[PDB]
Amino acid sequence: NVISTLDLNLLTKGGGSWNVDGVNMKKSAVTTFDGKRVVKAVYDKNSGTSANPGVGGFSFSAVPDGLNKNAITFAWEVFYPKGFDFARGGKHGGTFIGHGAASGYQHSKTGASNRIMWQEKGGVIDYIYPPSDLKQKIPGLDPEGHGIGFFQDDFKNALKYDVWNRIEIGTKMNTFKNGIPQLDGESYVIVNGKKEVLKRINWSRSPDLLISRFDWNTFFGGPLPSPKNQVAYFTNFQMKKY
């Protein structure tokens, strides 16, 4: 079900068919590790958001050829060396819907996002920013404050040390009936083969606002930055059928 795979040797020169831009490698770099072509994600002590002075992580945006605007999954693998301190969470990346803000305490009427976060002790959650001024029925899915977490009980200590963890995040748009969003959008998260699904989401307010891009932006927190200088390795970035 893999549609295409990102060539990391093209990450900083347009990404090939992935149509990559918005790149900020920061202190991170494409390299070889464990016989694989990887990004070594460098997270300085006291790095996290712009509130934190350390440099950590890396970011890029992709609009790959073959991006199905109605439903799509993105997948990657991550290696955490033994001793990595996961702190109280951080971001990997995910799918953005529509246009406008949908991250960093900013919401917009036209935009939304579906992202993977890690958690304490290697937990994983689905982390969603829903659009402003759009009905939801899922409890707690409000476009106020920061993003809304799901599957907290479901992936405790799912990310293991000294192994390639496999992560996937699936996003499927709601339908529309006479331009009215139908509260039937979906999200799923897969970590090392275990899948959890969230249904009944309003991902956007109109049928023109659909899945728009893959946004990668890995960093600690907020609000707690990296406790120490440390690294993780990311590889095998895939775009897959929902």
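One rule holds for the numbers: they count along the sequence shown, beginning at 1.
Look up the CA B-factors in the entry and say which stretch, 50 to 58 or 176 to 184, has the higher mean.
If you average the C-alpha B-factors of 176 to 184 and of 50 to 58, the larger mean comes out for 176 to 184.
Could you settle it for me: does 135 to 143 or 167 to 175 have the higher average Cα B factor in the PDB entry?
Averaging CA B-factors over each stretch, the winner is 135 to 143.
From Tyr161, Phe74, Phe150, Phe86, can you pick the one with the highest C-alpha B factor in the entry?
When the deposited C-alpha B-factors of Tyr161, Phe74, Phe150, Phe86 are compared, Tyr161 is largest.
Could you tell me which one of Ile190, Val42, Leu209, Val63 shows the highest CA temperature factor in the PDB record?
Each of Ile190, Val42, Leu209, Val63 was compared by C-alpha B-factor; the highest is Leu209.
Per the entry's values, where does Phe155 land by CA temperature factor relative to the rest of its chain, in the lowest, middle or highest third?
Tercile = middle for this residue's CA B-factor.
Among the modelled residues of this chain, does the Cα B factor of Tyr80 put it in the lowest, middle or highest third?
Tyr80: CA B-factor falls in the highest third of its chain.
In terms of the chain's CA B-factor thirds, is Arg200 lowest, middle or highest?
Within its chain, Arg200 is a highest-third residue by C-alpha B-factor, going by the deposited values.
Of the three thirds of its chain by CA temperature factor, lowest, middle or highest, which one includes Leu67?
Highest third.
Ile97: which third of its chain by C-alpha temperature factor?
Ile97: CA B-factor falls in the middle third of its chain.
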